[PDB]
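Enquirer: sequence plus experimental coordinates follow:
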Amino acid sequence: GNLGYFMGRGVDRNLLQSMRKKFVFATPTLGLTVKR
Amino acid sequence: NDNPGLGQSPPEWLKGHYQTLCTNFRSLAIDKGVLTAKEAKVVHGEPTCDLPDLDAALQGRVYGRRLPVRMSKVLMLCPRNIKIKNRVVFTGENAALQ
Amino acid sequence: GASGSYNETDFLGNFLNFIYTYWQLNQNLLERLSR
Amino acid sequence: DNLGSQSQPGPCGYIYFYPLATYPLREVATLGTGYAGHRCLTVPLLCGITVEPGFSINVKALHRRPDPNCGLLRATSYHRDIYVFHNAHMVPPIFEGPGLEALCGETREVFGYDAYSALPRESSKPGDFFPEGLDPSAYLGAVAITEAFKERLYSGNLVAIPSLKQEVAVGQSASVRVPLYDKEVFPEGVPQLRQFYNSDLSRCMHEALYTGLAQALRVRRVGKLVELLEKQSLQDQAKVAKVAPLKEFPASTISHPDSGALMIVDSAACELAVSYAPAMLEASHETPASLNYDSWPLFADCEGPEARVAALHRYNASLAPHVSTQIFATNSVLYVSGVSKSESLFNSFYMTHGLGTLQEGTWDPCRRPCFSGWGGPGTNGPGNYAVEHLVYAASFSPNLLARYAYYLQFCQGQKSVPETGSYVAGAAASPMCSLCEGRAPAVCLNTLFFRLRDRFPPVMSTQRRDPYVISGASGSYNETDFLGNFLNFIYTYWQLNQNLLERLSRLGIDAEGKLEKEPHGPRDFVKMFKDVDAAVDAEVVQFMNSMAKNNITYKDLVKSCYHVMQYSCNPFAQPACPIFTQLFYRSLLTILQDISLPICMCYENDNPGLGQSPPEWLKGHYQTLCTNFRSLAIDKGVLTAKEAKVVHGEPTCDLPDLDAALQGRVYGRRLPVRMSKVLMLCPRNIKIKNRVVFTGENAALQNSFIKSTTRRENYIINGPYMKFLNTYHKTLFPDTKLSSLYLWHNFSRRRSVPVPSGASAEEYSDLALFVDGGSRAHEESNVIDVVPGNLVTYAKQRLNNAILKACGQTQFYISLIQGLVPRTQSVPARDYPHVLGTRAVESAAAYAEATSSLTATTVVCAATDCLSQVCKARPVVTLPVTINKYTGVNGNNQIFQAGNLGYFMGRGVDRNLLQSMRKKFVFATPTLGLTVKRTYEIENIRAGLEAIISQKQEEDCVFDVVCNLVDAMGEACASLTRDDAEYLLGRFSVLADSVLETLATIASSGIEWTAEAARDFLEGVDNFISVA
Amino acid sequence: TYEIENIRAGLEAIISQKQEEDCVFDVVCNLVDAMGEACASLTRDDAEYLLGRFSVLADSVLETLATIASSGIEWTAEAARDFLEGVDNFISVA
DNA sequence: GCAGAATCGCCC
DNA sequence: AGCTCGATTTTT
Ligand SMILES: [Zn+2]
């Protein structure tokens, strides 16, 4: 399962223009729903 | 490719082949680099267990019985993870990418 | 969806994850930075 | 691309006709299965004696015309055996003993086996299948058949077309062939009597081919096995279950707590062997160089027919130990009794052996009574192996039994008894013999049986997990030097051994350890060894430097090394004997069953029997089980095979008009063609493994492997030099009365040595100290349990003891494999009564008189100390195997297999086996120099000069170059020109003027041209500043 | 056991005990006792098996049996001794 | 009585 | 528009 690219210009402004940089969206759960 | 369609519709072709194709999938999909899962047998220890008398409970009367019990299914397929990979180093070998 | 417990996402990924390990090397550096 | 795609269109088989006036009838009889009174026999397929040179063993067979304008093609190889059916009485028998056909018939009935049942038609008359004008009385007739259509030959469903005759040379003899086609090439039909049938041929195939395949599956109904193999070939039934109804089970399986699961696993293993073995046998095969009879090296010194027949008899004696091992061994493939259940989980089902089990009554797949059993019977007495057990081993076939008896006639007797001549004139001549009536007492099968009596195995009824014994040709790549497959690829261990043989060549020693110059005396004997020790110790350094600079983990790679042998899966690679057809086919069927056992167990654990009979359970499950087997049996550590697609290039091909040819008219047509099957499963090798290093981890085993260090008294006589000290005894101690053993044992206890009458004392004091020193150094360092017979084995032992020390392997002996190699010898015939023939014998005095002038050929086996040189000669092999099954590593859940080398059972097999964990045996006969064939001087002068100049340091080289030229050319140096000198000096051609100026001083000073005089003249006839 | 195992055991029992004398005549007498006239054609492959651990002795045994065969005495242990027993420098080492 | 092993190819 | 990779467990 190789990590790929997002399609569509509406997804996020940080994706608006590469081989050598890829992106993931992440939200943490420690300190929200699970205790440290 | 080994068992061609020969103008059959998919429901006709699956009638003969699908039971074999299930066993190929279980052998070739799991632990081969994306999906991991563990097979297990499920067992119950006691030959009877403490349960409500469902015939009395349907008529509004509540009391216990030690009903004889057994499993209707024994095999379980516990899923674990799907694995995502990304290569770190470009080695210069593919001359179109450099 | 939810992520699993064991992710390898430092700069060299799964390099020397088991056999000192790259995980131990990063723990050593954080201890020096604590001093 | 592949050998199947490349094969040409052709017929389903051929009838060959050979002229009786010129054909070599006594030669073919030595390779045949002829018994006295035969009407048919088998012979091998060979170019230049049974088929013409350039015979194609692979073909596309034209087998069906769906209509008169379309052909279908099946890709198939030929069957290995040829069946000789017309005028067969003209071929001599291989064995002279009478009465075998009735003995086979009686014994087949008591074991409950199916006899051949003839068709209601007569056999085809000669005028139906002979070419036009040939006389049937003048020719010998035989069939060659393709592996896919041999059941159609048996069942009378082929058509012969005499108008399509072809004239062919078979050795010297002007021969003819006629093609065979399946009756399905005639869609409008041909009359039932126009088809080809011979009842003696079909009966011969029933007994010599199909009955042994039925025995390998534990089936009694042979005719029903032939019918289901035919329909599997013609109607594509490979994924349909078919043998389960014919199965039968013993009381140990019926009484078992897991009996329902055992009956399903035993049945499914047999179904899979019947699906896959015919497919692999029909596949396209490579053509070996051993298939060409006129290039066989064994004939090279022969003059005339008698010398050629005597050379074939010596060839047969070299194969006999393979055949007699399969009779004498309790765990022979011929005595496999079925499947039983316990061992670890994947080993819990296993193959069993025992003749006692094979005599018992049985039950059918629905638990009803089936065969009722046999109570047993002779001269070997009650409960012991009898002549009926030998008839059972030979598949109740008089053809096979005759060739087994011929091989047993080479074996020595081993008494645990009347003298041979008082047995032959006495009880062998009794009118009570059911074979000879007493009228052929010296050759009778009961006389041969009486002679070999104490070598036959015991009769067993137990269910233990033992290895089974297999026979056949070896593959191309065997790894059987002392560390096996250690560093086979990446320098490699193969390259290291090639480097050592090159150093030993510079010392005057060849690859078999023969010297170009034998040692003259004590100094020369010490000098010979010190040079080999220095040459080995130099190569250890260059090797250890390579392992170091590359950071290779050689110290852990030693722990996991194995010996490896390849068992070949090509039927044409086997030796030219019809018994090896049965041994190969039964070895393959047994290995496919043993591989399938855990695959069937795991599928049945997921899909339980629930009181179903195996034929009911297989009806739903078998198609899925075929696909599991194909995925899990191949490339998992024992069996290798390659799948391929077969394609034909042209849309039409040049073929005869078969409708015109049936009416006698011959002309060509371009018939449209397509393949009837596309998939082919090409078999490659079965792989046998043995572990080299014991690591001390299993604490129960250590006492078998542990290395002692204390100073023994036997250290010289059990040391590395004793065989050489014996070989050279008459040169070391001229005319001494002492044995070499006593001389060196006296030295080992009294510290004294004898000095010959004119020889010098201190020279012998040095010889003694060399022997003492090296023997104590060997006692300390050695972990290879061998006393070496030749300088190559001595050198290779020294080398491998060095590598094991660098790996820290010092506490234990390593495992060894030893080869047992046949040696053929002529002996006085006194105890070998078969040399007298069918002769009547009237008294013991006449037996003694008639044998007094006669000799018999016999065979014994000798132990080699060096299996790897035997494996270079592409040997025929016999060995024991167990197939062990285990889980993968690193969390994997798949099953992997190893075929592990085991042990022989039964005290009659070979005297070298009579008493280990740490030594195992294989029987081997080489084929190079039997059936397969094995610079300018100015280049050698040039190489020897570049070898001097590249090494000479701290001295000027011109005198040592001039001496090498005067040695190699002598007086011819006196006119050596500059153009010749520059060529000989090679890279160093700048030296030429100084060489020629030096040679002129030898020429003009008037000394003779020899290296001794050159030094005596030259050696009779500076400022140096240092630079920054 | 086979009789060839018992001959082999009896020879290893002699050779492992015989001290301060050369053993070839006592081995040859035990063979002539156990095999008689059949010694006259004893091959090197048979002799090496019977000598067991001490198979190095085989050439000297066969050279000795040829002298009994060619001298025309009968094959018995009494005659073998009567022929053989009718038909040195030594430096010490540190 | 009589080890243990994830496997394929490559062939100098 | 957007590498190549025989795979599993181990688990800090
Ligand atoms: Zn008889």
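Expert: Received, thanks. Residues are numbered from 1 along each chain as shown, chains lettered A, B, ... in the order given.

Enquirer: which residues are in contact with residue A:28?
Expert: Under the criterion of C-beta atoms under 8 Å, 6 or more residues apart in numbering or on different chains, residue A:28 has no neighbours. Where C-beta positions appear, they are placed from N, C-alpha and C, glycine not excepted.

Enquirer: and it, its phi and psi?
Expert: phi -70, psi 150 (degrees, to the nearest 10).

Enquirer: now do it against chain E, distance only.
Expert: Counting by C-beta to the nearest C-beta, to the nearest Å, the gap from residue A:28 to chain E is 79 Å.

Enquirer: residue A:15 now?
Expert: 85 Å.

Enquirer: residue A:15: how many residues sit nearby?
Expert: If you count neighbours by other C-beta atoms under 10 Å in any protein chain shown, residue A:15 ends up with 13.

Enquirer: ok, it touching residue A:6?
Expert: Yes: shown here, residue A:15 and residue A:6 form a contact pair, counting by C-beta atoms under 8 Å, at 5.9 Å.

Enquirer: between these two, what contacts are shared?
Expert: Counting by C-beta under 8 Å, 6+ apart, the residues touching both residue A:15 and residue A:6 are residue A:23.

Enquirer: list phi and psi for residue A:34.
Expert: According to degrees, to the nearest 10, residue A:34 has phi -120, psi 130.

Enquirer: what number of residues lie near it?
Expert: Other residues lying near residue A:34 total 8 when counted by other C-beta under 10 Å.

Enquirer: please name the bridge partners of it.
Expert: Beta bridges link residue A:34 to residue A:30 when assigned by DSSP bridges.

Enquirer: how near is the residue of chain A at minimum distance from chain D to the ion?
Expert: Nearest residue of chain A to chain D (C-beta to the nearest C-beta) works out as residue A:1 at 18.7 Å. Going from residue A:1 to the ion by C-beta to the ion, to the nearest Å gives 79 Å.

Enquirer: list the residues that contact that residue.
Expert: B:34, B:82, B:83, B:84, B:85.

Enquirer: what residues of stretch A:27-35 count as buried?
Expert: Within stretch A:27-35, not a single residue qualifies as buried, counting by 16 or more other C-beta atoms under 10 Å in any protein chain shown.

Enquirer: is that stretch positioned near DNA strand G?
Expert: No: contact of stretch A:27-35 with DNA strand G (C-beta under 7 Å from any atom of the strand) is absent, the minimum separation being 14.1 Å.

Enquirer: what is the end-to-end distance of that stretch?
Expert: 15 Å (C-alpha to C-alpha, to the nearest Å).

Enquirer: so how far is that stretch from its chain's centroid?
Expert: Chain-centre distance of stretch A:27-35: 18 Å, with C-alpha atoms, centre = their mean, to the nearest Å.

Enquirer: same deal with stretch A:27-36?
Expert: So, by C-alpha atoms, centre = their mean, the centroid of stretch A:27-36 is 18 Å from its chain's centroid.

Enquirer: ditto for stretch A:11-26
Expert: Worked out by C-alpha atoms, centre = their mean, stretch A:11-26 lies 7 Å from the chain centre.

Enquirer: who's in contact with it?
Expert: Residues contacting stretch A:11-26 (C-beta under 8 Å, 6+ apart): A:3, A:4, A:5, A:6, A:9, B:86, B:90, B:97.

Enquirer: farthest pair within the residues you listed?
Expert: Farthest apart among these by C-beta to C-beta are A:9 and B:90. That separation is 27.5 Å.

Enquirer: burial count for the residue in chain A positioned nearest to chain B?
Expert: The nearest approach of chain A to chain B comes at residue A:3, 4.2 Å away (C-beta to the nearest C-beta). If you count neighbours by other C-beta under 10 Å, residue A:3 ends up with 11.

Enquirer: what sits closest to it if chain neighbours are left out?
Expert: Counting by C-beta to C-beta, 6 or more residues apart in numbering or on different chains, residue A:3 lies nearest to residue B:86, which is 4.2 Å off, once chain neighbours are set aside.

Enquirer: what ranges do the helices span in chain A?
Expert: Along chain A, counting by DSSP state H, no stretch forms helices.

Enquirer: DNA strand G contacts on that one?
Expert: So chain A meets DNA strand G at A:2, A:4, A:5, A:6, A:7, A:17, A:19, A:20 (C-beta under 7 Å from any atom of the strand).

Enquirer: can you get me a residue count around the third one?
Expert: The number of residues packed near residue A:5 is 8, by other C-beta under 10 Å.

Enquirer: coming back round to it: between the residues of chain A next to DNA strand G, which is closest to chain E?
Expert: residue A:2 (67.8 Å).
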